[PDB]
């Protein structure tokens, strides 16, 4: 849901720039214990309402792993690196499931984000970071209904500044 990001430091907003037409994204997440989750998504704007259409194919999750055992705890926050490739945006991020017991199960998301606008109509951002905080606020019903929150910030690595004036 990448339309909802707070960009700081003047970083161009690829997602908001892509409307009214919208954008797509495509992703494969590789889990450290063998699982793969691939997804394609369409984002359009129907009047004032955003509409998402997502297709998913996941496979090779180990029957004894936290996913197929339904023994995942919660996602840690994460920081995606986002940069221009082939005139579109690539993102990569390492996420970590904090399982009940303390152990983390990590995964690596590989994403391409594609505007429905031509690249010449867009101001492309340089290399930057997107913090993502995703949280289940409520398991309404165990494998049936969930309330989810996300906060996201697009920024540079300002905590350790460059000695050369680089972002």
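Residue numbers count along the first chain shown, from 1.
Problem - 69-77 versus 89-97 - greater average Cα B-factor per the deposited record - result: Comparing averages over the C-alpha atoms only gives 69-77.
Handout entry: Average Cα temperature factor in the PDB entry - higher stretch of 101-109, 125-133
Key = Higher mean C-alpha B-factor: 101-109.
Practice task
Compare the CA B factors listed in the entry for 120, 115, 30, 60 and report the winner.
Solution key: In the PDB entry, the greatest C-alpha B-factor among 120, 115, 30, 60 is found at 120.
Problem - Entry-reported Cα temperature factor of residue 148, expressed as the chain third it lands in - result: Tercile = highest for this residue's CA B-factor.
Exercise for the section: Could you say whether, by C-alpha temperature factor, residue 39 belongs to the lowest, middle or highest third of its chain? Expected result: Tercile = middle for this residue's CA B-factor.
Handout entry: residue 49 by Cα B-factor - lowest, middle or highest third of the modelled chain
Key = As the PDB entry reports it, the C-alpha B-factor of residue 49 lands in the highest third of its chain.
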